[PDB]
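Start counting at 1 in the sequence shown, then tack on 264, and there's your number in my numbering. Written out below as structure tokens is the structure these notes cover.
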Amino acid sequence: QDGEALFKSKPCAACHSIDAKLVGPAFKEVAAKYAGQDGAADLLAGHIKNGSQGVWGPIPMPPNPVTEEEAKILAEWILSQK
Ligand code: HEC
């Protein structure tokens with residue numbers, strides 16, 4: 265759950281829904297794509313700070329108040345969302 269925590273303090277929800285979709289890929293659709301995709305959460309974490317674009321919607325995603333460990337955990341949790 266180390267991901268739910270950060271995701272809770274991080275507005276990642278206002279745009280990333282786990283049961284719905286807003287601006288970014290719904291954590292549920294994101295996990296299904298990068299599910300058990302070890303190594304992917306690491307690449308996604310970079311998109312969190314360096315923003316992401318081209319993996320889902322045409323609109324890129326600005327960086328967030330998160331950090332390295334704050335992005336990785338979110339990456340491993342988003343990919344292993346359970
Ligand atoms: C709306 C302003 C968003 C907020 C707030 C957050 N994210 Fe986001 N994210 C958003 C979009 C539109 C996209 C798709 C970008 C694309 O073109 O593919 C994303 C994507 C991600 C991804 C996936 C990156 C990839 O290359 O696949 C991750 C891992 C991600 N977002 C993480 C993330 C986190 C941790 C957030 C809270 C700090 C967060 N996003 C907020 C839009 C928005």
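All C-beta atoms in this analysis are idealised placements derived from N, C-alpha and C, irrespective of residue type, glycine included.
Exposure of residue 287 is indicated by the presence of fewer than 16 other C-beta atoms within 10 angstroms of its C-beta. Given a length threshold of 4 residues, each whole run of the alpha helix (DSSP H) inside the stretch 284–321 is given here in chain order: 291–297, 304–313. With a cut-off of 8 Å on Cβ pairs, the stretch 265–273 is not in contact with the stretch 317–325, counting fewer than three such pairs.
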